[PDB]
Amino acid sequence: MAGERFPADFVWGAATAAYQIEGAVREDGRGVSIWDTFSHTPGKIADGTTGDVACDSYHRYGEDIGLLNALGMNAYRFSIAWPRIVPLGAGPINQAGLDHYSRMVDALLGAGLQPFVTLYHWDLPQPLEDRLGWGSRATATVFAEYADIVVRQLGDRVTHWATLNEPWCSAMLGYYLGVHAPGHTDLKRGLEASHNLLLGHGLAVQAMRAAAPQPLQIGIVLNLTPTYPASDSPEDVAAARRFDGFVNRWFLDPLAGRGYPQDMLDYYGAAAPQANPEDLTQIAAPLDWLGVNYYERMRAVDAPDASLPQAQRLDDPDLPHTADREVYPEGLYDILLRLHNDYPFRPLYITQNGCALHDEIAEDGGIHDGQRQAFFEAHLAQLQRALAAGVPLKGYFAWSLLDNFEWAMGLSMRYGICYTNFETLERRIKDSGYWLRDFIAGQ
Ligand SMILES: OC[C@H]1O[C@@H](O)[C@H](O)[C@@H](O)[C@@H]1O
């Protein structure tokens, strides 16, 4: 319809992550990941669940393909589990793991679904964490070797690759705030991890281009949180700037060849890595695209007594909330306009966008998730505004294809466009999924 059309070659998909969906944690040579360790640690997961079974997608990926087909998607964004490919992190290959993903790629291509592969969505092999994990430069080197191994096997068929998904999460939630695996709580550890993740990224790009049998389109995927000061006071504006630095610019700027943002370097002081020029060069290895994951904004107030970056969220109770977040579609417009005007990355993909609700199977057997339908409608409206402004946006992936193991929240927190019955492993398309289907089909 008028003003609602996307390009005919637009990528339309849904996204998942391996540990969240696959299960089969010890099958076919898979090693132990930090998320195996962490979810089996008492108290770390809200509801006592683990990824041991999850959606059982290792075995049931064909059912997932069925859902993607029923939704009329043309792509699927998924991650490869490093523990299935190099079970010790640095060590022998596990060919059974590569063969699994090779079959899955062929199944997707046979269904007309373009695979968008993420190499790292948080499942670091535990042996590497025993040697400091992302706290060690050596983890970056062996990440790049893993990236080489996978591209050698799959790069004849998969053109679109991301290295990392959300390094801010891996570094800050995993090593500073302790809420994600491996669960450390130190700023310096988080910042060191952030550097070695970026370095791993850059080394992997270069290794991937060398190993690939055809030219690849290589990206990185960042979560970006547009930040707004709660008032125009100097204290609140500065807090917004610091939070923006903490999440967004700390990664955008070095990727853009701009070094680390100097305001944040000066703020972090000696807790930040010494970033020698050689490493910054590697970090800025040229990228073919950037993936944006968008959920929420941050409306920031100063919080002098809080941990760095001394900025807390002030919830606007005017705006409505999902099960776990404030809904703010216009922030997607703002962040895309910022990337378009202020940074060099292009084209752009929205690699995750979605929401969590208290979804229930209704008496009729459907899932009436109208707030999620409205979430998608409003965000896609902002993407059409962004396209109208000249933003080079080439695709959209709904987060998530199906309800899954939602990290520290366990099975409790449902982000799917399809409902997963975790006892029977049945999947059912929610109403929001049928809305997406029909919206995409109108294209
Ligand atoms: O809650 C937002 C988060 O959802 C998770 O399901 C995804 O794996 C993350 O990549 C994302 O940061």
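Both ligands and their constituent atoms are indexed starting at 1 by order of listing. Residue numbers count from 1 along this sequence.
Near ligand 1, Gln20, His121, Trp122, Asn165, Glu166, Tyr295, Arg325, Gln352, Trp399, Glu406, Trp407, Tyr415 each place a heavy atom less than 4.0 angstrom from the ligand.
In the displayed structure, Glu360 atom CD is contacted under 6.0 Å by at most 12 heavy atoms of other residues, nucleotides or ligands.
Ring orientation note: the planes of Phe116 and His160 are tilted relative to one another, at an angle of 30° to 60°. By the 30° and 60° cut-offs, the orientation of the rings of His180 relative to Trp35 is perpendicular.
Annotation: the span from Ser400 atom OG to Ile21 atom CD1 amounts to 7.0 Å, rounded to 0.5 Å.
Using modelled atom types and a 3.5 Å distance limit, the side chains of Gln352 and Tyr295 yield a donor-acceptor pair.
Of the residues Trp134, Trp161, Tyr146, the one that meets the ring pair (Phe, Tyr, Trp, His ring centres under 6.0 Å) test with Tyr120 is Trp134.
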